């Protein structure tokens, strides 16, 4: 428990989810992440992920300026997963931003704190908010 916590993570990829792309489960999403990675579309970018009781914020690790923010009302799902062929956990966040026609899948690689700890924190903040 902490109202505001931060974690350093590496953002790996954000991609839109359409009703006809065949991507329906966390597992389908991890598989599309591995395809993307084999096409040279995934490049790790270090970021600061901040969970507060009203939103999840992403910041530049040095400048501390806000790169993106998702109010908790915009998060539709948060999971942590270890795809086949990886010793690590990925943090998956699906958001439906109000202005966008489709939801997006965001994948993050956790560093020392893993994705499981961040998943519990966001899910605790979601339960609370909701």
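Residue numbers count along the first chain shown, from 1.
When the two stretches 103-111 and 15-23 are set side by side, the higher mean Cα temperature factor goes to 15-23.
In this crystal structure, the stretch out of 79-87 and 50-58 whose C-alpha atoms carry the higher mean B factor is 79-87. Among the modelled residues of the chain, residue 94 sits in the lowest third by CA temperature factor in this PDB entry. Per the PDB record, residue ranking by Cα B-factor puts residue 33 in the lowest third of the chain.
The PDB entry assigns residue 123 a C-alpha temperature factor belonging to the lowest third of its chain's modelled residues.
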